[PDB]
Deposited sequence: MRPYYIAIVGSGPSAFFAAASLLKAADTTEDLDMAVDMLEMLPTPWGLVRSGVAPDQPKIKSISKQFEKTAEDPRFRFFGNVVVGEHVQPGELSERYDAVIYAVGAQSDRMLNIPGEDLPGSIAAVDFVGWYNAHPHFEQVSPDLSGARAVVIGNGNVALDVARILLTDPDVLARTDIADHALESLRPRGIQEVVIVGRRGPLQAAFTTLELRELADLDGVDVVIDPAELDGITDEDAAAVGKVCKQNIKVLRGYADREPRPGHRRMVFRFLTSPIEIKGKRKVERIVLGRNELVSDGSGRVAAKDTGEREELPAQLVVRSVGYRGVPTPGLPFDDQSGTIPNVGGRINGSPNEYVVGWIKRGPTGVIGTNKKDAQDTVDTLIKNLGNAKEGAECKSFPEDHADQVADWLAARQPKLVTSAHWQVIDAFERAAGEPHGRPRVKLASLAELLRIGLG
């Protein structure tokens, strides 16, 4: 019989794992694989679909690789299956030789400041999900009519949020952005976005191309007070690394240009932390505080509050201070890191359950970083199966049909590969008349109406 492997989640780490498993079978005598992928949403691809910005179709095109993997007769997809709800980890570990958890980071890190949950104060997780038509975020529906938005954080997601708020909606109309978001963005309500970083430019988590692309926003002025960069030398930057030296150059380039009255603006503020979000019933203003950089002995510089304060009117606050993993019922979890504890990708205390991607490593790295991660986990998984075989300890298992029928019993509204293909064709066809790659079905009800029709 082949080995039966379940993968939970369908993002990059899941697909890289699936490819690794099938390639091992393809290159190894007396080794065969069957892969079942269980996904919470009706649609695959995880953040490649729901995270990467709608103005980034080329980077999204890694999806072609995932499609090639899914063409394999040994591969099956079951969407609209929530592990922890419809089926439990213990049930999966008994019906499969091994199970790989590739669930990513489904929630947000909080600021832990007063006023944070006022209407108008949201996470990038919610805002990105909403603009990319993730069905769990359809009702986020932020008011985008106010003149100023504030984005907290200095990572690349912070730039995505700023860029989408200020991009010419005519440009966005040619993308797979959610129709509901395009509608809210069309009136161009936001006149200024302020990106607020707690440490300095040298500590920014941004990468260079992502900073450079802000120049392509037609008519939008990128504003940086030259005082944010004064005293930072080429030597200081080079001492952090190559990426930082390039970043600093690009930031100086923005600082060197005076903004134009009446133009939309993206403003970078460094050494600044949000202190308190204020308003009667919704966000009206934010209190910002100034930090200084201080060594804490860890080999990092820390931001330390100086006490200095200013208040800035604002109508939207988006915290882009990191995604965060969510515990899965039946599996161990590290609350502080939002990861599943593991040894070499094998789940703590488990002989046959594994982790890959952001649930294993934390929310760091580009899509490509998940490839070696998945390979390493898969190598270990296969080693462990082999050790069980040479010791004659492999499980005894029409098992493929039995499992598929059981999944259907637990979730009658599951979405097979075939039914995903229906959604996919529909969404792409919807984009044709107006020259968009696709128009997404933005709620579970709509996805299932098409998928399960």
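**Prompt:** So which bits of the deposited chain never got modelled?
**Reply:** Model skips 1, 399-400 of the deposited chain.
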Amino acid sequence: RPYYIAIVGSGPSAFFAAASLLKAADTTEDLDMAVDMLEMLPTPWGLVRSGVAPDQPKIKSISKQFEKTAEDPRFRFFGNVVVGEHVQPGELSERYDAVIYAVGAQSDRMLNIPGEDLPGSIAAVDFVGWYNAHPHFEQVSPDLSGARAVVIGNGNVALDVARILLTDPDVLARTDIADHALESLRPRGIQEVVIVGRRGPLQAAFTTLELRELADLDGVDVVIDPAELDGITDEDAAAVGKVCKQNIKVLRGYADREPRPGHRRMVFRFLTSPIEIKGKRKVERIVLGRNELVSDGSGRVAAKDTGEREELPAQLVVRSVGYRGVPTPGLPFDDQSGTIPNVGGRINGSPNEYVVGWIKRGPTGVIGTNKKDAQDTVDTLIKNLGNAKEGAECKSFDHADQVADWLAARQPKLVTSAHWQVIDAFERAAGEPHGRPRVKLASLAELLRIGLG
From here on, numbers count along this sequence of modelled residues.
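**Asked** Is the mean CA B factor in the deposited entry higher across 406-414 or across 47-55?
**Response** Averaged over C-alpha atoms, the B-factors run higher in 406-414.
**Request:** On mean C-alpha B-factor from the PDB entry, just flag whether 209-217 or 148-156 is the higher one.
**Result:** Taking the mean B-factor of the alpha carbons in each, 209-217 is higher.
**Item:** Out of 286, 229, 343, 133, residue topping the C-alpha B-factor column of the entry
**Value:** Result of the comparison over 286, 229, 343, 133: 229.
**Message:** Out of 91, 126, 176, 305, whose C-alpha atom has the biggest B factor in the entry?
**Reply:** The listed residue with the largest C-alpha B-factor is 91.
**Message:** Could you place residue 258 in the lowest, middle or highest third of its chain by Cα temperature factor, using the values in the record?
**Reply:** Highest third - that is where residue 258 ends up once the chain's C-alpha B-factors are sorted.
**Asked** Taking the entry's C-alpha B-factors for this chain, is residue 29 in the lowest, middle or highest third?
**Response** For residue 29, whose C-alpha B-factor we compare with every modelled residue in the chain, the answer is the highest third.
**Lowest, middle or highest third - CA B-factor, residue 39** = For residue 39, the deposited C-alpha B-factor lands in the lowest third.
**residue 272 - which third its CA temperature factor falls in, relative to the rest of the chain** = Lowest third.
**Request:** Ordered by C-alpha B-factor within the chain, which third holds residue 110? Give me lowest, middle or highest, please.
**Result:** As the PDB entry reports it, the C-alpha B-factor of residue 110 lands in the middle third of its chain.
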